[PDB]
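Notes for the one structure printed next.
Cβ coordinates were reconstructed from backbone atoms using ideal geometry, including for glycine residues, and neighbour counts include every protein chain displayed. We did not get these values from a lab; they are worked out from the coordinates using the rules stated.
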4 protein chains.
Amino acid sequence: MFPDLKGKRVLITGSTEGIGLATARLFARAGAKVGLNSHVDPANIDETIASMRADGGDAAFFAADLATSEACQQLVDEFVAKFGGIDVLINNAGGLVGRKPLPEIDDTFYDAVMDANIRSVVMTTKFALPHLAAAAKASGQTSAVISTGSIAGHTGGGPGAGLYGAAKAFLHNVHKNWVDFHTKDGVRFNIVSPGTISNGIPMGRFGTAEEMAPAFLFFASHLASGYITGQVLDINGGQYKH
Amino acid sequence: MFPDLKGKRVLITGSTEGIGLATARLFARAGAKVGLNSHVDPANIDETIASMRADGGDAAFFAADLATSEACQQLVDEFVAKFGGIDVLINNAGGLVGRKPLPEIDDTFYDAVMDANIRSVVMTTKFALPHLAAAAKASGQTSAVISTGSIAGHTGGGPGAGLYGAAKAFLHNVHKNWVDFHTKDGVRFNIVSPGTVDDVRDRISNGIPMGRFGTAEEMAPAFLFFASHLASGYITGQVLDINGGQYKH
Amino acid sequence: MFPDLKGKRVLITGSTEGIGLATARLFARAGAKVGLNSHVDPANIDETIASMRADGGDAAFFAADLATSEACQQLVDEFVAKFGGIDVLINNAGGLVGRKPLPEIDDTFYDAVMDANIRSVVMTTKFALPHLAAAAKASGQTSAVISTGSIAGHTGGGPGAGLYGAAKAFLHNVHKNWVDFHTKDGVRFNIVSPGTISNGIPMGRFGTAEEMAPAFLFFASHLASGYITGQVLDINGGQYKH
Amino acid sequence: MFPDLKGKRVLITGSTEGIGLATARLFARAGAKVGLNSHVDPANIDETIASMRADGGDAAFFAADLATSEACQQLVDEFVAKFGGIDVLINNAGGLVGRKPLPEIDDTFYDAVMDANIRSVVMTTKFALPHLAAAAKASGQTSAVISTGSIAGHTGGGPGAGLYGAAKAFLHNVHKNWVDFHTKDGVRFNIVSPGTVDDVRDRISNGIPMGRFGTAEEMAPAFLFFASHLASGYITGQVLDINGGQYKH
């Protein structure tokens with residue numbers, strides 16, 4: 001959609017499914033070098049790369065479960081290894097990984113949800129940073145970091161989803177620091193916060209995944225979101241006002 | 001820059017200099033018909049219109065002060081007369097209108113700051129709504145309203161700027177009420193919220209993580225993004241702060 | 001409730017009814033010199049003053065409709081005239097003054113709602129300021145300003161109440177300035193924001209007026225809210241999280 | 001200071017110095033039984049207990065690190081064993097636990113900051129809940145949980161403090177989930193959020209409208225206020241920032 005996205009190294013966690021996939025398509029279709037990601041190789045990974053390669057862009061697939069740090073380190077290495085550097089990081093990887101009411105919340109479930117949603121976004125962002133900071137000085141422009149938020153990061157988790165809500169709230173926050181201490185390194189930080197009961201949505205609809213994806217492109221584009229950093233954008237249909 | 005804005009009819013208030021202008025010129029480059037607006041025309045106007053028609057869209061100036069509901073009405077009637085409808089509304093009109101600390105606020109001041117920033121926005125939107133809605137029925141898509149906010153609408157205004165800050169805060173809130181009862185009517189409401197914009201100038205540029213104010217040019221793309229049903233079709237009720245990290249909503 | 005409230009000049013707009021009344025009772029009952037207010041003299045004003053005079057405090061009644069500036073100026077003068085100064089201002093005066101959908105919103109209704117809720121809180125606060133600033137230097141402590149907010153100041157007006165919501169949002173904001181530019185004068189600013197559909201309140205109940213009133217006392221007390229200024233406190237039962 | 005806190009049973013974590021302490025001592029002066037807590041007891045402890053029993057309430061120390069769910073459990077069992085219930089829970093335990101910029105964060109650090117501030121709060125509340133609820137059935141009133149937040153939970157943390165800021169932000173949010181599904185259980189959840197607390201010390205005191213940090217003593221009354229069903233019975237889900245105007249939530 002945006003011209004300057006042409007020829008850009010874009011790393012996208014959780015891009016094999018849903019929103020992460022939806023965006024990936026748009027990034028290649030703007031002529032960008034996308035990195036796909038998942039816990040395990042999806043059946044038709046190569047036929048997917050064929051679509052994106054044809055759209056004007058280029059792609060690759062690096063499997064990794066980011067709940068662990070070493071995995072975050074390698075995912076970064078292997079993407080760098082193919083395209084040689086990074087301009088955009090899209091921390092889409094995450095999820096409920098279940099529902100549990102408070103009394104049922106134990107160490108096992110807690111850690112499954114915490115590391116899935118937070119440690120992933122942190123450690124990855126850490127390993128991607130000095131590469132992102134490079135891309136920015138190189139171009140004299142600005143690299144970009146985007147993470148996937150939620151309405152729950154404002155209002156709190158749904159039924160049994162307490163940790164998921166607060167984990168996204170954690171991310172909304174931790175970016176504000178990263179803006180304070182790494183704006184000087186030429187890296188922007190921003191969040192797309194998708195909003196999914198139908199009576200409390202003025203629109204009535206739920207949100208699709210191609211309803212979400214453009215915000216990401218907007219937030220990665222220096223031309224478009226040059227002076228915007230440290231913001232959350234809720235694509236929810238009016239379920240929450242932010 | 002966005003495709004589906006070709007031939008969309010766009011009214012933009014206070015739109016003949018700074019942000020409002022930079023926004024319009026770019027709205028020209030998408031091929032959209034735009035309503036330029038000011039209290040009074042500048043000499044520039046014909047050039048502006050020209051360059052805007054050169055870039056592949058269309059322009060047309062309408063004079064109006066929005067401190068008075070009647071101007072807010074007739075302004076819509078004129079625009080709509082010319083282009084036979086509205087697809088996007090941009091409430092940019094507003095301003096500090098001086099800087100008085102609390103003690104020094106009189107009624108002519110209070111009215112001036114309020115009428116400039118709130119009354120305008122409110123009434124203009126009111127008159128527009130049934131037209132906006134109209135186009136939205138036609139398209140089967142969505143017309144869009146976009147109001148220019150401010151950082152002060154979150155942090156409170158600067159020296160003698162209290163009423164500006166609060167007036168913007170007002171807009172942030174009232175948009176939410178409008179999201180409730182007029183999403184039905186097919187109109188999306190959103191807010192671009194600029195930070196401070198171009199010894200006192202220096203001291204504040206220090207704190208902003210990007211070590212400066214924004215150029216009018218950096219506030220523009222957001223509006224289009226908000227205008228583009230393609231881009232922002234399922235986004236209404238939001239605020240987008242373009243401030244170099246000055247505040248993080 | 002708080003010891004230091006004993007012997008304090010407290011001005012309370014809209015104190016003849018509901019919450020403003022509820023609080024007034026508590027202020028006198030802590031030994032304070034309260035100023036009551038209304039648009040027009042209420043029938044049993046003097047029997048009310050009898051209750052408060054008996055509780056350990058003292059009171060008076062100054063009628064005024066604060067939609068106009070000159071009225072705000074006199075209300076301030078006449079209270080000062082009786083007790084000689086001000087330590088606490090409680091901008092409770094306000095209200096919907098109707099419901100109107102957007103298309104029906106005209107100059108007459110607009111101004112009725114705007115001046116009732118904003119100009120009142122502004123001009124009054126203006127005229128009270130230098131007297132409040134005096135009380136603070138005198139005691140070396142801090143005077144206090146409190147205003148009545150709403151859930152609507154966060155979420156937006158109810159049906160036809162667009163302006164009421166945004167007007168309270170206006171107040172939430174304008175205090176943040178007053179904190180910036182008059183903390184030096186020894187004056188604190190804070191807001192009690194009462195929250196009144198029963199399915200979206202976790203508690204189930206609506207709020208009473210003696211459920212609200214203590215927050216005010218807490219916010220006026222230097223002993224209790226010495227270091228707190230520029231905050232909003234929602235007494236809503238969990239309808240909105242702030 | 002508040003009446004209806006006479007004989008209420010109150011657990012307070014990290015409550016043997018600074019804010020947590022100043023809070024407890026005042027909780028003594030209301031005539032409430034309090035659970036003092038630390039990793040390890042200081043020598044002070046007996047004096048503290050004494051002065052707290054002198055002031056007309058009661059004390060009792062329990063050692064525990066809350067980085068581990070088991071300690072969070074047994075700590076509740078001990079307290080509840082001694083005083084046969086809970087009426088108020090105060091999750092104060094937490095801290096910076098060092099200051100590392102992003103690159104320098106390792107897992108032993110990340111775990112340390114997370115376990116200290118989030119895991120604790122979560123689990124402790126979990127174990128407490130059924131007891132808190134219990135007392136609430138008895139009273140026909142409300143037990144109360146109160147978690148110590150921070151300014152960084154809104155503004156993001158300071159140098160090397162990113163994880164502290166975010167952990168507090170986590171608490172702000174999770175309390176809302178708990179308000180939904182456990183108001184039923186008669187427990188109110190709220191947050192006192194201190195700003196920074198007592199050349200680097202100087203430079204930040206500049207911006208705070210009250211030209212300083214808060215004393216532990218100024219953060220204390222809020223907690224009681226939140227504890228007192230009398231005072232705060234219809235308040236749950238809120239945050240109270242005691243920061244001299246540093247941030248205005």
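The residue among C:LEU102, C:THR183, C:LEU75 whose Cα reaches farthest toward the positive pole of the charge dipole of chain C, with charges on the beta-carbon of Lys, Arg, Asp and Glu, is C:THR183. Between the listed residues C:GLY158, A:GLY165, D:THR148, the Cα displaced farthest toward the positive end of the dipole of the protein assembly as shown, a dipole computed from Cβ unit charges relative to the Cα centre, is found at C:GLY158. Counted by neighbouring Cβ atoms within 10 Å, the residues A:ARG25, D:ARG201 run from fewest to most as D:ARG201, A:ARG25. With only the Cα atoms considered, chain B has a convex hull volume of 124 Å³ per residue. Treating each Cα of the stretch A:43-168 as an identical point scatterer and summing with the Debye formula, the log10 of I(q)/I(0) at q = 0.10, 0.11 Å⁻¹ comes to -0.41, -0.49.
Convert 37 °C to kelvin, take the viscosity as 0.692 mPa s, use the Kirkwood radius over C-alpha pairs of the stretch C:1-94 as Rh, and evaluate the Stokes-Einstein diffusion coefficient in µm²/s, rounded to a whole number. Estimated via Stokes-Einstein, D reaches 254 µm²/s.
Residues in the stretch B:147-158 carry Karplus couplings, in order, of 10, 6, x, 5, 4, 4, x, 9, 8, x, x, x Hz; the curve used is 6.51 cos²θ - 1.76 cosθ + 1.60 with θ = phi - 60°, and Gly or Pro positions show x.
Per-residue Cβ neighbour counts within 10 Å put C:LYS8, C:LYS168, B:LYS100 in the sequence B:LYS100, C:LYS8, C:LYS168, beginning with the fewest.
In this structure the amide hydrogen of B:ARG188, modeled in the peptide plane, comes within under 5 Å of the amide hydrogens of B:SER143, B:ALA144, B:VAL145, none closer than 5 places in sequence on its chain. In the stretch D:1-54, Cα pairs under 8 Å separated by at least six residues give a relative contact order of 40 percent. Taking each DSSP H run with n ≥ 4 as -39500 (n - 2.57) and averaging over every residue of chain C yields -12500 deg cm²/dmol at 222 nm. Between the C-alpha center of the stretch C:32-57 and that of the stretch D:129-183 there is a gap of 40 Å. For the protein assembly as shown, the Cβ-based charge dipole about the Cα centre amounts to some 260 debye (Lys, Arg positive; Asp, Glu negative; other atoms uncharged). Which one of B:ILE86, B:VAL40, B:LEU75 is farthest out on the positive end of the charge dipole of the stretch B:1-111, using unit charges on Cβ (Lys, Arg +1; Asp, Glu -1) and the Cα centre as origin? The one lying farthest along the dipole's positive direction is B:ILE86. Residue by residue, the stretch C:65-70 carries 3J(HN,Hα) couplings of 9, 7, 4, 10, 5, 3 Hz when phi is fed to the Karplus relation 6.51 cos²θ - 1.76 cosθ + 1.60 (θ = phi - 60°); x denotes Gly or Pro. Residues whose amide H falls under 5 Å from that of A:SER193, counting only those 5 or more places apart or on a different chain, are A:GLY149, A:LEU233, A:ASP234, A:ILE235, with hydrogens built in the peptide plane. Between the stretch D:85-109 and the stretch A:63-134, the C-alpha centres lie 21 angstrom from each other. Per residue of chain D, the DSSP helices (runs of n ≥ 4 H) give a summed -39500 (n - 2.57) that works out to -13500 deg cm²/dmol at 222 nm. Remark: the protein assembly as shown is approximated by an ellipsoid whose semi-axes, taken from the C-alpha gyration tensor as √(5λ), come to 44, 39, 23 Å, largest first. Between amide H atoms placed 1.01 Å from N, distances below 5 Å from C:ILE12 occur with C:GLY35, C:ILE90, all of them 5 or more places distant or on a separate chain. Relative intensity of chain C on a log10 scale, I(q)/I(0) at q = 0.12, 0.16 Å⁻¹, equals -0.64, -1.16, per a Debye sum over C-alpha point scatterers of equal strength in the absence of solvent. Computed from point charges on the beta carbon alone (+1 for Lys and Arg, -1 for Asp and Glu), the dipole magnitude for chain B about its Cα centre is near 800 Debye. Residues C:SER150, C:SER225 in ascending order of nearby Cβ atoms (within 10 Å, fewest first): C:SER225, C:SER150. With the convex hull constructed from alpha-carbon coordinates only, the stretch D:140-239 shows a mean projected area of 7.1 nm² over all directions.
Backbone phi angles across the stretch C:102-109, fed through the Karplus curve with coefficients 6.51, -1.76 and 1.60 (θ = phi - 60°), yield HN-Hα couplings of 3, x, 7, 6, 10, 3, 4, 4 Hz in residue order; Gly and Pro are listed as x. Around the Cα centre of the stretch D:155-249, unit charges on the Cβ atoms of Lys, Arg, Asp and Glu (plus for the first two, minus for the last two) sum to a dipole of about 220 debye. Averaged over the residues of peptide A:200-206, the number of Cβ atoms from other protein chains lying within 10 Å of each residue's Cβ is 4. Separation of the alpha carbons by more than 23 angstrom is noted, of B:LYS100/C:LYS184; A:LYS8/A:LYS241; C:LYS6/D:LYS8, for A:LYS8/A:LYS241; C:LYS6/D:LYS8. Cross-link reach is defined here as a Cα-Cα straight distance under 14 Å, omitting same-chain residues fewer than 8 places apart; for A:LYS33 the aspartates and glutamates meeting it are A:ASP4, A:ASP55, A:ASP58, A:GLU78, A:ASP87.
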